[PDB]
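Okay, so here's the structure we're looking at.
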Amino acid sequence: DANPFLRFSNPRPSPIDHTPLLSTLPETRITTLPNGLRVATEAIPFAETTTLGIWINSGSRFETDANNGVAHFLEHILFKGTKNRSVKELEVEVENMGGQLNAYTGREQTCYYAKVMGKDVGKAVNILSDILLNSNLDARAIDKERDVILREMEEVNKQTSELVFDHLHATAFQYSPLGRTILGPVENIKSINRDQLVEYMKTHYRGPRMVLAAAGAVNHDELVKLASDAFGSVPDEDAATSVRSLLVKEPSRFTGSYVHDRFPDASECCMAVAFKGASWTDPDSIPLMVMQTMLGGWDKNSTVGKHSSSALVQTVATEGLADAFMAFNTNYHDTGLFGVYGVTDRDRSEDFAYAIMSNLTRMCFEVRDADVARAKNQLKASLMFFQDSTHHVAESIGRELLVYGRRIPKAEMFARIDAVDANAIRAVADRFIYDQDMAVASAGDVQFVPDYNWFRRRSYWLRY
Amino acid sequence: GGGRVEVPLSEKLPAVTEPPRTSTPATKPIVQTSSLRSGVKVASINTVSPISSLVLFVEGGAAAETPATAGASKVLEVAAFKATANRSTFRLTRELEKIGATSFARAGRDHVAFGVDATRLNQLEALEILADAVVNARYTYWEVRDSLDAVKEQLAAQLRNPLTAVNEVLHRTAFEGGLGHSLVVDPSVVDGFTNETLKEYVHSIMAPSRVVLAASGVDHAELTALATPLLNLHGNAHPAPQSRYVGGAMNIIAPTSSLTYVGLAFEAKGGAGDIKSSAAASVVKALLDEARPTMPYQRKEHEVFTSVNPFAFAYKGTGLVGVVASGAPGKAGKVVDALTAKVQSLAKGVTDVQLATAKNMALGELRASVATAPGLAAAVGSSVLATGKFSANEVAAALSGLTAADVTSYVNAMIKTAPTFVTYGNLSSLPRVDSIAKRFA
Amino acid sequence: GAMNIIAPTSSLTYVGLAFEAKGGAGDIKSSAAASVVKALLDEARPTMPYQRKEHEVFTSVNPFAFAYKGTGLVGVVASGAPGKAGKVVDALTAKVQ
Amino acid sequence: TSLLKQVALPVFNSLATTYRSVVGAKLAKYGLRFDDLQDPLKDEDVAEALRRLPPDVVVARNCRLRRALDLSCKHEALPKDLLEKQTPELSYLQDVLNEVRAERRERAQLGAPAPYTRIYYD
Ligand SMILES: [Zn+2]
């Protein structure tokens, strides 16, 4: 019992008031161009590097069966030259800035962002608008990229978690727009050309579906002037092709189902169990974030898994039921996914599945106040760690503007998180998990993974 | 009931703006340094970020490893933040997880770092946990024994990368002394390892003059007042096995490697103490980086270089700068030829656009490495441990003030020293060991 | 030429030195001279039970003389302590000289 | 209770020393110690404490148990020269077992279980 070492710290979880953090947090300033494009900035007081880019409310959900995979091919082709810059000129102009260009295509969201210093914001705006609005889309480069994509299709070159989550989306949201994969099938890749790319760009990359977000060392009004100079030729909405109308026309559907992808000689077994989650606008999405923190995650590179405050991590680490796992919480415009993904062996598949199902169903009856308080503190601390990085602040601005229609102040997010208690967690788990159909996807050595009726019976307890 | 307000809607009118705005500090914050009575240097910088980082830097690493205590830095990396004299492993893990804080241990070539990153509201907890975990650590027999399989599998995972192996052989070949000791050791080295070996290594590296407490995002006076009764370190300053560049040539055989790697390196004279030489080494590393992908799905194609990775290391008194290039097993002689001819192409002269490009690349890496609170705290700690002070503004000013004459003369003086050749894989086309050393002449 | 090998748990250190036997197995006289050189490099030949020949630096000496078609390889491989490898090289060069 | 519980501890200590004298006289003829009387099958904390031990201590404990069981089969005791050397109260397990039980008591106040179960066979 050292006097200097055993003060101010103890392992008993208590609620922590995060209010004095918000005084020093920067504010976000949002303007709107006449075409509907929003420019939002958050100025960090002493920063040197800045990240910035365009967040587009579009993705593989808003495609058809004829042009599936046009949005992923766009990020393959959009950096091969423009009408004003060639390949080498674009290369030297990017590398003169001392930074990076990166793109990410999702199902409901696309990003084209850059990471530069504070003195190269205007050049980054100019090159981003030039890439997005004035690209060549050369047929020769399309033919060169198609061979690479087709070779990696025929080699079956994919991450295992990506394969599992794609199978889970395709079986959970079957006969829905969200069921398609981002990369698309072999036939659409083999039969794609310039005109489908052009029509996708002209249809979906409109004014009010795009947000110009920057964070770090950036001035607001100067960025507004640059954005009005560069992105002013972006067309506006047609009323028949708004995001809300497209959502209403082709909604999402969830079906309880099973899929596995069995290989003859595979060392690992990767499985995911998912329930129908919440959308971005659902008020119960915040308790789903708290529950995702409560379940937690673990990998075998950590030697203190047995001392974890999460019961699922405790069981998996103590019994050695898996190599790695992580609970997920995906949100979409009208639906979502919630559950546990993990990597294990064929001899531990049933035990890992029972651990997952028993830890999910227990949250409908047995929730302790200490675990809720601990998970809320972990959630707020993880939210503060995203504020430390400019890239996460810019991504947060773009995503929050695209999916909520506003920028949520950190005080409101903290007040929403602080309103979740054990009763709310019990009620949300009772609504979303208890005696409901689920979707199960698997890959690899999956001969000992239980079938759908085994999973379905363990959503409820007959003992109560 | 729970909240029923939709997320696009704002929350209820009882949403108190309890935080009051104003004021940001009018000046850019700077690093303050103040030693303690035991001799511990405390170096902290205040930051507007809401994350406080606290890193403890201890001199040592692979340089302080004897043949008795080989591989002890990796095991100390894995076995840190376990049970102490005041806390068990369970209590310490729960205390870290309660406030949502993360801890790490990291072993370098000439140092070992321990750190806890946390919220600014919980900086005292982070400081006390880090102080107890480094000072009062009980390296028990069973906890050290149960981690050796994790250490061995992590070492085997690290040696699967040929770049890590080529880096180890380069550091051994270029140096004589503590800097030539292997850091990422073979897993068979940690076979007969016990907690007494770890205790011996920790006792050899621990002294109050070899320890730097760095921080980011905290008041300096409060940090010194609270670290006064915690960092009462007592120990003997063991002699440092100082190192000198000697160069040479060595080869490592991999019978089932589909790519043959070639490593070339030169001594960065002066080390981290010389700001100008460090800036010139950073610029040369940026110049040699031929294929840096700055855009998604870029399709750069070299005739012989499958992959090119330059490096620049800065230690206390010396360092390395050079390049490691891979290639086909049947194309290794041309890989050596292109790697050799590239440095005379650099020594002959650099254009103003190329110099501006490399200076912007190096300045971007330098100002990106300190953009986060843990990265800033790590840079402060590494600089104070190596040279006694931290100032990246001087490093940036030296990078900005570099002319083409400075870089040309630096590379000309660098080519007048000994080279270093390291080859990985199956060497069925290694032309001559003596002639490639005489190509620079 | 010259090369190297990296062995992680080798308790000793091995050094090989070799030359070319001109003519290979085709020339009788050159192969005979190479065999005589191999025997001349035999420092510690175990001709008696339990005899302890002590060298200052070496732990083992093992020469050879291979005679392939058209070319050969006569030489010697000597072991030694890990900290005395330069002494092993110096002693081998001194023996050939 | 506190007025009489101040001096109830020396009487406990005297009874404990008398008990250990009698039982250690019984134990020393078999070559056993007091810590050898703890079964990993009977207690999961003892099973946890036994795997925290260095291998030579476990080898010595197994050797002592094997010698005692052989003596019990033969209806014999140790000879006088071995019997005079026996140290029945030299602990090898009490520190580790006390640490294990303290850890389990610490985890239980926070609602956590022990990170081990009983030994289960078949
Ligand atoms: Zn791809």
Side-chain angles (χ1 to χ4, degrees), chain B residues 67 169-170 172-177 180 244-253 333 336 416-423 427-441, chain C residues 1-7 10-97:
Chain B
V169 181
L170 271 162
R172 182 258 171 272
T173 312
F175 274 128
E176 270 278 325
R244 46 193 278 269
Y245 182 83
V246 293
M250 273 167 226
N251 308 281
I252 176 167
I253 307 294
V336 174
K416 287 311 178 182
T417 60
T420 301
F421 286 101
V422 163
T423 319
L427 278 77
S428 70
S429 57
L430 179 76
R432 293 294 87 193
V433 177
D434 49 344
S435 296
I436 61 172
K438 283 174 316 194
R439 283 177 191 182
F440 303 142
Chain C
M3 266 183 191
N4 272 269
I5 308 163
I6 290 297
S10 186
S11 278
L12 278 297
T13 288
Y14 290 79
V15 172
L17 178 66
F19 298 89
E20 165 185 18
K22 302 286 195 197
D27 194 77
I28 296 178
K29 289 178 60 65
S30 296
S31 298
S35 311
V36 172
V37 168
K38 167 195 202 197
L40 286 167
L41 281 172
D42 277 324
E43 162 199 304
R45 193 156 149 262
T47 68
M48 290 180 186
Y50 288 118
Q51 54 152 349
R52 277 81 185 272
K53 310 178 56 56
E54 305 101 4
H55 203 270
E56 182 65 36
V57 61
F58 287 151
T59 315
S60 76
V61 187
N62 284 277
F64 50 88
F66 307 129
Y68 304 104
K69 199 169 194 170
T71 180
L73 190 68
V74 57
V76 64
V77 176
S79 179
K84 310 182 190 183
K87 293 182 183 293
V88 171
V89 178
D90 291 327
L92 268 186
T93 53
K95 278 180 187 294
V96 180
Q97 277 171 353

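Because only heavy atoms are used, hydrogens play no part in the values below, and waters and symmetry mates are left out as well, while side chains stay in. Lettering of chains follows the sequences in order, A, B, ..., and the numbering in each one begins at 1.
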- [ ] Show your reasoning for whether side chain to side chain contact (heavy atoms under 4.5 Å, CB included) applies to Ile253(B) and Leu427(B).
- [x] CA-CA 7 Å; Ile253(B) 307 294; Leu427(B) 278 77; 4.3 Å; yes

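- Atom CD of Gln51(C) is surrounded by more than 12 heavy atoms from other residues, nucleotides or ligands within 6.0 Å.
- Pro82(C) and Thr13(C) make their closest contact through CA-OG1, 3.5 Å (heavy atoms, listed as atom of the first residue, atom of the second, distance).
- The closest side-chain heavy-atom distance from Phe19(C) to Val37(C) is not below 4.5 Å.
- In terms of heavy-atom proximity, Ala67(C) sits nearest to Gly24(C) at CB-C, 4.1 Å.
- Of all heavy-atom pairs between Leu430(B) and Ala2(C), the closest is CD2-O, 4.1 Å.
- Note on ring orientation: taking the six-membered ring where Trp is involved, the planes of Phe421(B) and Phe440(B) are parallel (angle under 30°, cut-offs 30° and 60°).
- Salt bridge status for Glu20(C) with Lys22(C): present, with a side-chain N to carboxylate O gap under 4.0 Å.
- Taking a 6.0 Å sphere around CZ of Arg244(B), one finds it holds 12 or fewer heavy atoms contributed by other residues, nucleotides or ligands.
- Ring-plane geometry between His55(C) and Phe58(C) is classed as parallel, the angle between the planes falling under 30 degrees on a 0 to 90 degree scale with a further cut at 60.
- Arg439(B) is listed as a side-chain neighbour of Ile436(B), based on a closest heavy-atom distance under 4.5 Å.
- For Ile28(C), the CD1 atom counts as loosely surrounded, since its 6.0 Å shell holds 12 or fewer non-hydrogen atoms of other residues, nucleotides or ligands.
- Note that the CG atom of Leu17(C) and the CG atom of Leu41(C) stand 9.0 Å from one another [nearest 0.5 Å].
- Closest approach of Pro63(C) to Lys38(C), counting heavy atoms only: CG-O, 3.6 Å.
- Atom CD of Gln97(C) and atom CG of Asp90(C) lie 10.0 Å apart (nearest 0.5 Å).
- For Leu12(C), the CG atom sits in a packed shell: over 12 heavy atoms of surrounding residues, nucleotides or ligands are nearer than 6.0 Å.
- Between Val77(C) and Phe64(C) there is a side-chain heavy-atom pair separated by less than 4.5 Å.
- Residues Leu40(C) and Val36(C) form a side-chain contact, since some pair of their non-hydrogen atoms from C-beta on lies under 4.5 Å apart.
- The structure places CD of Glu43(C) at 7.0 Å from NZ of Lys53(C), a figure rounded to the nearest 0.5 Å.
- Put simply, NZ on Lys87(C) and CG on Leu92(C) are 14.0 Å apart, with the number rounded to the nearest 0.5 Å.
- The distance from the CD1 atom of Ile5(C) to the CG atom of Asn251(B) is 10.5 Å, given to the nearest 0.5 Å.
- Between the CD atom in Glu54(C) and the CD atom in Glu56(C) there is a gap of 10.5 Å [rounded to 0.5 Å].
- The local environment of OH in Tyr14(C) is sparse, with at most 12 non-hydrogen atoms from other residues, nucleotides or ligands closer than 6.0 Å.
- Between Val433(B) and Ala249(B) the shortest heavy-atom distance is CG1-CB, 3.9 Å.
- Here the shortest heavy-atom pairing between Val88(C) and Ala78(C) reads CG1-O, 4.0 Å.
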